[PDB]
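What follows is a short report on a single structure.
Basis for what follows: all heavy atoms, side chains included, without hydrogens, waters or symmetry-related copies. Residues: numbered from 1 along the sequence shown.
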Amino acid sequence: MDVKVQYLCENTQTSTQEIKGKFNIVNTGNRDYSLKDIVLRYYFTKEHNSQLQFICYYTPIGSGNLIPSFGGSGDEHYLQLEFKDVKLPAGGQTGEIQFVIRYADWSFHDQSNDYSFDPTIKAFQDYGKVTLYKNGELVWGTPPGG
Ligand SMILES: [Ca+2]
């Protein structure tokens with residue numbers, strides 16, 4: 001009855017320099033939004049202190065309209081996506097948001113200890129391990145320990 005996330009996994013290897021997959025944010029409710037009001041989080045544990053980097057090679061909403069950051073710590077750590085003011089109508093969707101998370105020094109992740117990693121999902125499906133927040137509330141998904 002509100003926005004939700006679909007996910008698929010591209011890089012399925014435990015050990016990799018790039019976490020890689022796609023998101024799709026679908027507005028299933030009756031209210032149009034601006035994406036500027038929506039926060040997405042993909043939870044993963046960082047194995048290194050090198051700078052973490054987000055890269056989106058394609059999305060229909062334009063990659064320049066994404067505002068990536070990293071937050072939390074330990075088992076609460078995540079990639080966060082925020083957005084510029086891009087309207088997302090009721091019934092609409094972003095379409096694919098490709099994502100890669102890598103280190104500036106090209107260090108290897110261990111994905112096996114990442115809460116949001118699911119290598120068995122190769123086609124988009126509604127996915128509760130990536131969260132959305134809006135208006136200070138959790139509106140989609142379950143965060144770690146949540
Ligand atoms: Ca990890």
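Inspection of the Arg102 and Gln17 side chains reveals no N or O donor paired with an N or O acceptor under 3.5 Å. Donor-acceptor pairing under 3.5 Å is recorded for the side chains of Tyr33 and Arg31. A donor atom on one side chain and an acceptor atom on the other are not found under 3.5 Å apart for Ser116 and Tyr7. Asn24 and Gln93 are linked by a side-chain donor-acceptor pair at a separation below 3.5 angstrom, with hydrogens and angles left out of the test. With hydrogens and angles left out, the side-chain atoms of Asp37 and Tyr133 include no donor and acceptor closer than 3.5 Å. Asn11 and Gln111 share no donor-acceptor pair across their side chains, judged by distance under 3.5 Å alone.
Note that the CD1 atom of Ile67 and the CD atom of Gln80 stand 10.0 Å from one another [nearest 0.5 Å]. Atom CG of residue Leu66 and atom CD1 of residue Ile61 lie 5.0 Å apart, to the nearest 0.5 angstrom. Taking SG from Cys56 and CG from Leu81, the interatomic distance works out to 8.5 Å, rounded to the nearest 0.5 Å.
Of all the heavy atoms in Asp110 and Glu47, the pair that sits closest is N-OE1, 2.9 Å. Listed here is the closest heavy atom pair of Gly146 and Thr142: C-CG2, 3.5 Å. Of all heavy-atom pairs spanning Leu138 and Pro143, the tightest one is CD2-CD, 3.7 Å. Nearest heavy-atom pair, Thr131 versus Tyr43, reported as atom, atom and distance to 0.1 Å: OG1-OH, 2.8 Å. When all heavy atoms of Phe23 and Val130 are compared, the closest pair comes out as CE2-CG2, 4.1 Å. Contact detail for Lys84 and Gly64: the closest heavy-atom pair is NZ-O, 3.1 Å.
Without hydrogens or angle criteria, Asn27 side chain to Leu88 main chain gives a donor-acceptor distance under 3.5 Å. With hydrogens and angles disregarded, a donor-acceptor distance shorter than 3.5 Å links the side chain of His77 to the backbone of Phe44. Although no hydrogens or angles enter the test, the distance criterion places no donor-acceptor pair under 3.5 Å between the side chain of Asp105 and the main chain of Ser50. The backbone N or O of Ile25 lies less than 3.5 Å from a partner atom in the side chain of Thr94, making a donor-acceptor pair. For the pair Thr14 (side chain) and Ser112 (backbone), a donor-acceptor distance under 3.5 Å is absent. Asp118 places a side-chain N or O within donor-acceptor distance of the main-chain N or O of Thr120, the cut-off being under 3.5 Å. A donor-acceptor contact shorter than 3.5 Å links the side chain of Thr59 to the backbone of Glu96. Formation of a donor-acceptor pair under 3.5 Å by the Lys122 side chain with backbone atoms of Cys9 is found in this model.
Atom CG of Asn49 is surrounded by 12 or fewer heavy atoms from other residues, nucleotides or ligands within 6.0 Å. Atom CD of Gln53 is surrounded by more than 12 heavy atoms from other residues, nucleotides or ligands within 6.0 Å.
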TODO: Evaluate the criterion side-chain contact (heavy atoms from CB on, under 4.5 Å) for residue pair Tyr115 and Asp75; output intermediate values, then yes/no.
DONE: CA-CA 8 Å; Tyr115 176 85; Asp75 284 329; over 6 Å; no

Task: Stepwise side-chain contact (heavy atoms from CB on, under 4.5 Å) check, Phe54 with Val100 - done: CA-CA 6 Å; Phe54 169 89; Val100 162; over 6 Å; no

Open item on the list: Assess the residue pair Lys20 and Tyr57 against the criterion (side-chain contact (heavy atoms from CB on, under 4.5 Å)); give the C-alpha distance rounded to whole Å, side-chain angles, the decisive distance to 0.1 Å, and a yes or no.
Closed with: CA-CA 11 Å; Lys20 183 178 180 180; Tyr57 293 112; 5.6 Å; no

TODO: Give the intermediate values and the outcome of side-chain contact (heavy atoms from CB on, under 4.5 Å) for residues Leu40 and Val5.
DONE: CA-CA 9 Å; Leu40 176 152; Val5 175; 4.1 Å; yes

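Hydrophobic clustering keeps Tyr127 apart from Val26 (ILVMFWY residues linked when any side-chain heavy atoms are closer than 4.5 Å, directly or through intermediates). Clustering ILVMFWY residues whenever any of their side-chain heavy atoms sit less than 4.5 angstrom apart, transitively, puts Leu35 in a cluster other than the one holding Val39. In the hydrophobic clustering of ILVMFWY residues, with side-chain heavy atoms under 4.5 Å counting as a link, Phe108 and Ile19 come out apart.
Ring to ring, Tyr42 and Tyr78 are not that close: their centroids are 6.0 angstrom or more apart. The aromatic ring centroids of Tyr103 and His109 lie less than 6.0 Å from each other.
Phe83 places none of its side-chain heavy atoms less than 4.5 Å from the side chain of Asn65.
A side-chain contact (heavy atoms from CB on, under 4.5 Å) with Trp140 holds for exactly one of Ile38, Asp126, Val3; it is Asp126.
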